[PDB]
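Undergrad: One structure is given below, represented as structure tokens, and several questions about it will come after.
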């Protein structure tokens, strides 16, 4: 019936929406991984600046 | 977020449809039972009229 | 989290409640309808025997 096609329509709506939800999940997740690697190289930079600054000060 | 809202909306569409169907079925039961009981009363009056005719 | 679980469970409960209520109502509707049919069928014969009695 009209309820059947309405149900299939909201169904495929839920499907595409959860698909895009998991999709942006993955995208923002990759972005968070990149940002974590950024923080890690950042702490590497902190440590290297600290050691070279300390050498200079020595 | 994003998918969570859509899933909630689906769960709400199911809610509305199920609740509406339940209410409509309840109204149908009320109407049908009223029909049956009025028919039974008509049958009773016919029995009494038959009794008077027998007398 | 916390909110998603409780809301989803409550909404699914609402859907299930409405569905079972609708099924009970429709079952009672079908039974009342068949009993009403029986009442009609008996009432016709009651009318026929009444007509013979009156003749």
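Determination method: electron microscopy, 5.1 Å.
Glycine is treated like the rest: Cβ placed from N, Cα and C.
Sharing the record's features from Swiss-Prot:
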COMPBIAS  C:12-38  compositional bias 'Basic and acidic residues'
MOD_RES   C:1  N-acetylmethionine
MOD_RES   C:45  phosphoserine
REGION    C:1-38  region 'Disordered'
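Where in this structure would I find these features, and how exposed are they?
TA: For the compositional bias 'Basic and acidic residues' (C:12-38), the DSSP counts in helix, strand and coil order read 27 helix, 0 strand, 0 coil.
Residue C:1 (N-acetylmethionine) falls within neither a helix nor a strand when secondary structure is assigned with DSSP, and so counts as coil.
Using a 10 Å Cβ-Cβ cutoff, residue C:45 (phosphoserine) registers 9 neighbours.
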Undergrad: Relative to the Cβ of residue C:1 (N-acetylmethionine), which residues of the same chain, six or more apart in sequence, are found under 8 Å away?
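TA: Listed in sequence order: nothing, so none.
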